[PDB]
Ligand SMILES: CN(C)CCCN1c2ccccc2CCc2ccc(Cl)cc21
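A single chain, nothing else alongside it, follows as structure tokens in the form solved without the named molecule.
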């Protein structure tokens, strides 16, 4: 069974896992829609009571399960909890990361398509100066790439270039994954993370130099880092902060677990985990938070920046930022550094999203890595056509897989590992072989605070958001729900087959 060759490589893979589009696209938007500093306070609390505790749990389970020749939650849950239901609950450990990949890798291919276009300088050019007049050419640039429907029909019509770029993006993903953990994920991680960090730092440094009558990037930084206690009372920001912490650290997806299942039985996870997490957070709060927002505040001011943030998840990064850059010296090339950055950020994450599926086919169905990778790619590529052609389908998958799903699963694995499997055995399995030990206080957070914190949160989310689901929405949302539900059924079947092959290979040996 493959292992991480070096400690550094492991850290970088785990950090490349968490450091993605969420750091440079999602965080700024989330931080802005919530008043900046108002969002930061709950964000810090979430990182301590949730982000970190659960972080160690997933490493513990990954390494615990990895020892016994398993890298996925269906099998691992069964080990921590010998029950047929524990295997069915573990199916999400394959479903969630697989669903996320379906739309994530597509957004990833965008950054690749923009990077290329920007490199060759095949971009729009606004005349020298109205915000709408300069932004419009960029909106039209994105809407033409992904093929936003002009007509009432909710149908997307992506360009030939966009479609092929997706093929390439998938191909690049496969080329890395087909090499395995050390030769592939780890090898690429070492080169990708440093590069990423360099690009980010350069962009942050370059962004600061932005200066206009409307303001400066210095103002924007004061907006996000200004603590406001008035908004603290609202649950909206708490749910936003905790949802972001989950997405950024990649928790409740089962991806961290698969990666960690390649860590050696006694090898440290306490420090290793802590570090990789800290790397993501440092990159998110410092690097990701200093580019998008400060640039918009500079060129547009705060109020209008928040307006742009609330406008869309891609508006800031795919339209505004490139437009803001097109006004600066060497903006187009700077746009290429931006999208190239994103592409490496997403690529290190998309490979981690497909690894659980790859690990399952290998560990449980005894498929060669070559076959495990090609079929997984085939499933992701095929499934992605829904996201590419069916308007709003992307939104749907992100809500269930990357939003509601990851929290439900976070509480599940936490309960199984600590409550069912035993709180003390979990503690040993976590601290065992740890270069350092987990603070005794976190023992109580894990067993009591985190699950209660999550439980209450989920209920609150259910009380206000549940009415919305199926109450009123376009019927096309069912096309996505129908498919992703079928995805779960298909994954349940494989689990069923994996348990049956296990039975024959027991009597025959």
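Positions refer to the first chain, counted from 1.
Beyond what is shown, the protein has a form deposited with the named molecule bound; the following relates to that form.
Check each of 277, 411, 291, 107 and return the one that places a heavy atom within 4.5 angstroms of the named molecule in the deposited complex.
Only one option qualifies, and that one is 107.
Answer option from 394, 323, 224, 416, heavy atom within 4.5 Å of the named molecule in the deposited complex
Here the answer is residue option 394.
Three-residue site 25, 176 and 344 fully in contact with the named molecule in the deposited complex at 4.5 Å by heavy atom
Checking in the deposited complex: 25, 176 and 344 are all within 4.5 Å of the named molecule.
4.5 Å heavy atom contact, residue 336 to the named molecule in the deposited complex
Result no; residue 336 lies far from the named molecule in the deposited complex.
Could you confirm whether residue 429 comes within 4.5 Å of the named molecule in the deposited complex, counting heavy atoms only?
Taking the distances in the deposited complex, the answer for residue 429 is no, it never comes within 4.5 Å of the named molecule.
Might residue 188 be said to contact the named molecule in the deposited complex, defining contact as any heavy atom within 4.5 Å?
Answer yes; at least one heavy atom of residue 188 falls within 4.5 Å of the named molecule in the deposited complex.
Does the 4.5 Å heavy atom contact test between residue 183 and the named molecule in the deposited complex come out positive?
Heavy-atom contact with the named molecule at 4.5 Å: present for residue 183.
Does any residue in 287 to 313 get within 4.5 Å of the named molecule in the deposited complex, counting heavy atoms only, and if so which ones?
Residue within 4.5 Å: 313 only.
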